[PDB]
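A quick write-up on the structure given underneath.
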Amino acid sequence: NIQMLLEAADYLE
Amino acid sequence: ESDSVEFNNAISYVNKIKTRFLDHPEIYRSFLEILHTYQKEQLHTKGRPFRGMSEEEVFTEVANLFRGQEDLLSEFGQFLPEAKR
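Keeping their order, the protein sequence lines are chains A and B. In short: position in the first sequence from 1, add 7, done, that's full-length UniProt numbering. In short: position in the second sequence from 1, add 147, done, that's full-length UniProt numbering.
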């Protein structure tokens, strides 16, 4: 689950 | 999982967090550093014991940030394993 949030940050950034 | 609802589900979390603390950018950095910290306390070859870290800590650090504003906390909690009740 953390993988999605952690990765999400990179997406937006 | 090419683009499951969970994927956009996560993006929405980070986004809302950004738009929320638009005035306080420093908040965004911290949150990311939290999830990031998790990764740090994982590598280093063999996981030799030395007060590592996991989901439990991340939940606390993020909770510490969004103090009082448990609104966003609710979202983060959804991903993390639900406790009692």
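Cβ atoms here follow ideal geometry from the backbone N, Cα and C, with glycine treated the same way.
Original post:
Can you find a CB in chain A that lies within less than 8 Å of the CB of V152 (chain B)?
Top reply: As a working mapping, residue 152 (chain B) is identified with position 5 in the second sequence. Taking Cβ atoms only, chain A never reaches closer than 8 Å to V152 (chain B), which makes this a no.
Original post:
Could you check where the alpha helix (DSSP H) with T166 (chain B) kicks off and where it finishes?
Top reply: Taking the first residue of the second sequence as 1, we reach residue 166 (chain B) at position 19. Note, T166 (chain B): alpha helix (DSSP H), 152 to 167.
Original post:
Is any beta-carbon of chain A found at less than 8 Å from that of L220 (chain B)?
Top reply: Here residue 220 (chain B) refers to the residue found at position 73 of the second sequence. For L220 (chain B), the answer is no, since every Cβ of chain A falls outside 8 Å of its Cβ.
**OP:** With distances taken Cα to Cα, identify the nearest neighbour of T207 (chain B) among B:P172, B:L227, B:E173, B:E148.
**Re:** Sequence index remark: in the second sequence, residue 207 (chain B) carries index 60 (1-based). Of B:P172, B:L227, B:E173, B:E148, the residue nearest in Cα terms is B:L227.
**OP:** Give the residues from the region 185 to 210 of chain B that approach chain A closer than 8 Å (Cβ to any Cβ), ordered along the chain.
**Re:** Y185, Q186, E202, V205
Original post:
Do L212 (chain B) and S159 (chain B) have their CB atoms nearer than 8 Å?
Top reply: Counting from one through the second sequence, the residue named residue 212 (chain B) turns up at place 65. Counting from one through the second sequence, the residue named residue 159 (chain B) turns up at place 12. Going by C-beta atoms, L212 (chain B) is not nearer than 8 Å to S159 (chain B).
Original post:
Cα-Cα, which of B:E188, B:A157, B:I174, B:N155 is closest to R214 (chain B)?
Top reply: As a first step, residue 214 (chain B) must be located in the second sequence, where it is residue number 67. Here the closest residue by C-alpha is B:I174.
**OP:** Please report the Cβ distance between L13 (chain A) and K165 (chain B), rounded to the nearest whole angstrom; I am assuming they are in contact, meaning their Cβ atoms lie under 8 Å.
**Re:** Residue mapping note: residue 13 (chain A) aligns to position 6 of the first sequence, counting from 1. Residue mapping note: residue 165 (chain B) aligns to position 18 of the second sequence, counting from 1. Contact doesn't hold; Cβ gap of about 15 Å is too wide.
**OP:** Please report the residue range of the alpha helix (DSSP H) in which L212 (chain B) lies.
**Re:** Along the second sequence, one-based indexing puts residue 212 (chain B) at 65. Unbroken alpha helix (DSSP H) run through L212 (chain B): 202 to 212.
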